[PDB]
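You are given structure tokens for the same protein chain in two forms, set apart as structure 1 and structure 2.
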Structure 1
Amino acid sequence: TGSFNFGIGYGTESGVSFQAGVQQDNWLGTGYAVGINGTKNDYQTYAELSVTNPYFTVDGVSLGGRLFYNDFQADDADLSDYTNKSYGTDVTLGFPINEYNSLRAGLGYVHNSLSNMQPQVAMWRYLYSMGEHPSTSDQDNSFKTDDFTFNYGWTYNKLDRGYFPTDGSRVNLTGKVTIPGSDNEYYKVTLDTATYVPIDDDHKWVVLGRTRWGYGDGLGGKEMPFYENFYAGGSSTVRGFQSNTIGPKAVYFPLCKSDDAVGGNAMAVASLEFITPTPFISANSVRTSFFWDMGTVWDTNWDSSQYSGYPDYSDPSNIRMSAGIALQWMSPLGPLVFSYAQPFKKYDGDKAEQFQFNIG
């Protein structure tokens, strides 16, 4: 009837990651799958109780409802320090359009508890836009928000196979906008694409093109909260750069430059990867590839005139670049990804991290 699970992984960005869950399909004969799941890594803990009916209608329209909690510690994610403890509830409806496309629309409630904020310009500029004026000389602060959102998504998946695709595309579009009554007033949109184009008949030589776009902004005079910022850098965005390093850096208050990433409300990542046959013994379990990764994160509300003695963090043209080699293998400890990359285009304060890996 039901099942339970526990998992352990390891990677350069997350450290040791733990996962645990209990699922009961058709709980009490209701037609709803009931799940209790949790994750934990070096910088974040997440937990949720979900209730899901994949056949809310006999045609496959699905209904999901959940209660969740998230604890994020930003210094553990190599950002300027803050603690963000959140909880809430989401209701979502999934709509199959055809074999390759599904849509989703939902409503969300989240309460955010911000604390341990080390005073910095971008963060304090967001707080001022919210009517909040905390002390710039101490980390003793608290900022709470309650947000109601309309959520939407589109998933396109026409890959030939899920593990080691050789042909087709995967497109994920997400969006959200606050509803009147929220403390915050903003929208945020994400677009991820992956396209595999095989070169030879046997699909052993494949070209992968990947893009990641993110844009959010405040509606009215309020800004998008810094705790919804996009980040770039690491194994999944621009290899050869430490996780979340790309983009704006904190400008602390005593006017104080730094190399602590803060993220931004705009992001663009692009990547060209050449999957080749694995050298040495042979073959369907190992994927060798050579890549060119690029990315930029920026702050569209960075006031360069007021801070002309600092780098212009509203500039999108500071494109970071790296080149390297990756190896993927389904190992007895789970999926394994190893990369060695060299940042051949970095900007001041960017942290390099040539060898990166993930297990699970």
Structure 2
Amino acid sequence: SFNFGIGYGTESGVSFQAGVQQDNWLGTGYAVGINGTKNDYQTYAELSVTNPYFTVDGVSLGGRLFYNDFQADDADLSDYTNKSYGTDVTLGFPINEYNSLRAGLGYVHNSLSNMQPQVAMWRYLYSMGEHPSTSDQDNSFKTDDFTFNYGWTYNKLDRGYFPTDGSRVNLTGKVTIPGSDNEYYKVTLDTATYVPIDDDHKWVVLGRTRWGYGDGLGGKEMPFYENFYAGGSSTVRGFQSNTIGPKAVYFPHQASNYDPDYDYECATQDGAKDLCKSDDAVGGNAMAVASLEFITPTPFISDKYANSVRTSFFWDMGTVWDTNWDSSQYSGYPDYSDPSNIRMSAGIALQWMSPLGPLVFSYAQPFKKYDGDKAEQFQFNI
């Protein structure tokens, strides 16, 4: 496949961007993919390979190697900086024609510099045996993680292009193998169920849910870079992408790259003494979302090009929470450990299809919403 971009000044930076696939239909075997993105504030590069015929049985072997370097400035460094890289290798086993299992190993390196002091991150750091200040941005951290990844996928829906009956279930999980700096476990389960409502399967009802849980082992916290985020086209639309859930509360501190002409949160050179609540989403260790979509015929398109279009009336529900948030130590501050802060939105959606992939347009308005949540009533994604 094929893409490219660079840039002026779109809020983001230089904006080198690329999505590429080198592939075959039959004969030499390799399936190769490449993603790239360079900004003033990020350098992301992902290289992926897969052999779908690792052996006669049809079993597949897939690996990938990634680099992801984020810098919150442009010449100084010395501000919040998050570099990551790593590798994955996995085996995929078909058994039943409906099913597949997956097992593999992964390694991830994470380097942090000058992270802004906030409660949740620093609860985790304290749990790891690290005690940074909470009064300044002079801190750092560095971890090597090794994980065993597994999964099971069930895909008995009668047709794959635009489903009409049956279910797709996907369970994927991680457990740290001994030797890693972080020690955690994680599970994520996607479920989708299509029930046809007329004999021609032009009206359908889709139920859908995402579940996610995870935690640290033996007294460690789950690494913050593995948190769950909700909101957007993929989960609960009507909200800004990945903004649902716990928000950061910051300790009063001296910011490292300060400029009084700009805006800061609990900066000590703005007069901050107490900790203060913010809009900044930080995700959690637990997540549950659901969605009911009534798929209907298009309210005025013709039927012989409609095989590329789908229309639905939906309502989405979703919540993200942090199990280890101390509801007692921060009495006047909202309980981010409560699961019942369920956001809810409803709207209309149009699952179109570009010649190279399905596209979801949608409008929604969130009606069950909480403070700090950012609304995004008009949504588009691939």
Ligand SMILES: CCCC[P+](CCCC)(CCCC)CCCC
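Note that the rigid core is defined as the largest set of C-alphas that superpose within 1.5 Å between two forms. Please note that residue numbering is based on structure 1, beginning with 1 at the start of its sequence.
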* Of these two copies of the chain, point out the form deposited without the named molecule. => 2
* Tell me, with the core superposed, which single residue in 141, 289, 182, 242 has its C-alpha moved by at least 2 Å between the two structures. => 141
* Yes/no, residue 224 Cα shift of 2 Å or more between the two structures with rigid core fixed -> no
* **Per-residue C-alpha change between the two structures, residue 79, threshold 2 Å, rigid core fit** => yes
* Superpose the two forms on their rigid core, then report whether the C-alpha of residue 307 is displaced by 2 angstroms or more between the two structures. => no
* Report, to one decimal in Å, how far the Cα of residue 331 moves between the two structures once the rigid core is superposed. => 2.8
* **Rigid core superposed, the C-alpha shift at residue 27 between the two structures in Å** => 14.1
* residue 211 CA shift between the two structures in angstrom, with the core used for superposition -> 0.4
